[PDB]
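Below: one structure, written as structure tokens.
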Amino acid sequence: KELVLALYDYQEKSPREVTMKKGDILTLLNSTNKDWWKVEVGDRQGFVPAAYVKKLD
């Protein structure tokens with residue numbers, strides 16, 4: 001889908017989560033949830049706080 005920019009670093013805390021580093025460019029996979037967005041960071045998928053990323057589009 002679209003691309004989002006990681007505004008903050010985020011280390012996963014649950015099995016469904018994924019780690020990211022500020023500055024990273026992730027592929028937005030599912031933004032149906034207002035609190036967690038499924039993204040692809042590098043070569044891995046998972047959820048990160050919707051609030052910590054920004055849509056570029």
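Positions are given from 1, in the same order as the sequence printed here.
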Check: Which heavy-atom pair separates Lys54 from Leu7 by the least distance, and what is that distance?
Finding: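 Heavy-atom minimum between the residues: CB-CD2, 3.9 Å.
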From [X] [atom1] over to [Y] [atom2], what is the distance, rounded to the nearest 0.5 angstrom?
X	Y	atom1	atom2	answer
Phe47	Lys13	CZ	NZ	15.5 Å
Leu28	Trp37	CG	CH2	6.0 Å
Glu40	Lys1	CD	NZ	13.5 Å
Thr27	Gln45	OG1	CD	9.5 Å
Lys38	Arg16	NZ	CZ	9.5 Å

Notebook entry, point to check: Hey, any chance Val48 and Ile25 share a hydrophobic cluster, counting ILVMFWY side chains that come within less than 4.5 Å of each other, even indirectly?
Noted result: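 Yes.
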Notebook entry, point to check: Are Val53 and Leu3 connected in the hydrophobic side-chain network, where two residues link if heavy atoms are under 4.5 Å apart?
Noted result: yes
Margin query: Does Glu2 form a side-chain contact (heavy atoms from CB on, under 4.5 Å) with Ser31? I'd like the steps, not just the answer.
Written below: CA-CA 10 Å; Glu2 313 180 52; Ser31 44; 5.5 Å; no
Check: How far apart are the C-alpha atoms of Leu5 and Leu56, what are their side-chain angles, what is the distance that settles it, and do they pass the side-chain contact (heavy atoms from CB on, under 4.5 Å) test?
Finding: CA-CA 7 Å; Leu5 162 67; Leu56 302 176; 4.2 Å; yes
Next item on the list: Indicate yes or no: at least one non-hydrogen side-chain atom of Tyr10 is less than 4.5 angstrom from one of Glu17.
Entry: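 Side-chain contact under 4.5 Å: yes.
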Next item on the list: Look at the rings of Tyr52 and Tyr8 and say which category their plane angle falls in: under 30° parallel, 30 to 60° tilted, over 60° perpendicular.
Entry: perpendicular
Margin query: Show, in sequence, the C-alpha distance, side-chain angles and deciding distance for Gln11 and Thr19, and conclude whether the side-chain hydrogen bond (donor to acceptor under 3.5 Å, both in side chains) test is met.
Written below: CA-CA 4 Å; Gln11 303 74 35; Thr19 298; over 6 Å; no
Notebook entry, point to check: Can you check whether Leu26's main-chain N or O pairs, donor with acceptor, with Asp24's side chain at less than 3.5 Å?
Noted result: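 Side chain of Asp24 to backbone of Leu26: no pair is present.
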